[PDB]
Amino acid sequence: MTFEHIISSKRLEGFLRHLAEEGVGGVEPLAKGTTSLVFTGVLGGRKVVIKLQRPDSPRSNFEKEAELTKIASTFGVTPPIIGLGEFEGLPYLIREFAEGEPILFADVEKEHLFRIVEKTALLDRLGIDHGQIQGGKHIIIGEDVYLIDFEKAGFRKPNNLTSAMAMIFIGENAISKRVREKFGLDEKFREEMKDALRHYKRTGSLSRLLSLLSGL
């Protein structure tokens, strides 16, 4: 993948040199987002992600995403921010790369299920709706569980926990099928899960959900 309809070849060359001067090497394109161009690199012997404002996107959109990403980083929901910068008037952020698999492709253990609850309930308590839980590409299952990529996030009544649990336990998809077979989940479990989620929606209580997952 290349970014040539968005940045000149000279701008890309300069950006890689600029990153190299901050110690970030072996930089490779990773994705094109709605707000940003995303790269991976190596800093201090470890993998990092670099997100650069797309010049053809509003700067305010990137700034909103960055503010939300910083809050999520402070509370541990997303991997730590390592540094901020600006190149040719474009802001960028550098964060740790979380080793592991997106939950769409991940082998999910009981500890991961508890951790997914803890992270999504925490983001709910922060009043931040991530916005892209469905599809399983934005929850990383690794040494810890993380949410990534806040381009569609905002301060609004959040759906992070309910969307994650519906995707894993209620909806029929590749993830929920794996989980159902791995944990031998049956119809009674699903009905209790629906009850646990309703309870959470009404009261904010995790008691019923954690009770149910503790039986796995």
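The first residue of the shown sequence is 1; numbering continues from there.
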Check: So 60-68 or 158-166, which one's hotter by mean CA B-factor in the entry?
Finding: 60-68
Note to self: So, looking at the entry's B-factor column for Cα atoms, which has the higher mean, 51-59 or 186-194?
What the structure shows: 186-194
Notebook entry, point to check: Per the coordinate record, which of the options 111, 99, 118, 124 holds the highest CA temperature factor?
Noted result: 99
Notebook entry, point to check: Among 90, 106, 77, 93, where is the Cα temperature factor highest, going by the PDB entry?
Noted result: 106
Checklist line | For residue 83, the third of its chain into which the C-alpha B factor falls | finding: highest
Next item on the list: Would you mind ranking residue 131 by its C-alpha B-factor against the rest of the chain and naming the third, lowest, middle or highest?
Entry: lowest
Checklist line | Third assignment of residue 30 from its chain's C-alpha B-factors | finding: highest
Margin query: Where does the C-alpha B-factor of residue 153 rank in its chain, lowest, middle or highest third?
Written below: middle
